[PDB]
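J.: My questions will all concern the structure given below.
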Amino acid sequence: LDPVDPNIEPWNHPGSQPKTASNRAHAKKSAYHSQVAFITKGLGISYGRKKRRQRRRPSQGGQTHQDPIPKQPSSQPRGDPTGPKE
């Protein structure tokens with residue numbers, strides 16, 4: 001764990017599943033503030049998060065983040081074609 005930053009940097013949504021949630025709407029948010037398998041296991045449940053564990057809040061690249069840029073897509077509507085976020 002905590003290799004580069006998270007385990008595999010799974011902070012990238014298709015903009016058509018975790019955002020649309022019509023395809024699932026349950027395991028995505030799974031009642032744990034989301035965060036997926038990032039720098040620590042538990043998925044931000046309560047191991048002792050630090051918020052800056054991403055070290056790339058202002059960095060995306062058509063990544064479609066969730067905790068670092070929940071304010072806006074800032075990459076889907078003007079970068080990678082996620083789905084309906086264009």
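Please read every residue number as a count from 1 along the shown chain.
According to its header, the structure was obtained by solution NMR.
Positions of Cβ are set from backbone N, Cα and C atoms, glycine also.
Sharing the feature lines straight out of Swiss-Prot:
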type     : residues : note
SITE     : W11      : site 'Essential for Tat translocation through the endosomal membrane'
REGION   : 38-48    : region 'Core'
REGION   : 47-86    : region 'Disordered'
COMPBIAS : 48-58    : compositional bias 'Basic residues'
CROSSLNK : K71      : ubiquitin cross-link
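Neighbours and distances for these, please.
T.: Using a 10 Å radius centred on the Cβ of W11 (site 'Essential for Tat translocation through the endosomal membrane') and all shown protein chains, the other Cβ atoms total 21.
For the region 'Core' (38-48), same-chain residues at least 6 beyond its ends with a Cβ under 8 Å from one of its own Cβ atoms are 1-2, 5-7, 9-11, 30, 32, 54, 67.
In the three-state DSSP scheme, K71 (ubiquitin cross-link) is classed as coil. When Cβ atoms from all protein chains are considered, those within 10 Å of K71 (ubiquitin cross-link) total 6, not counting its own.
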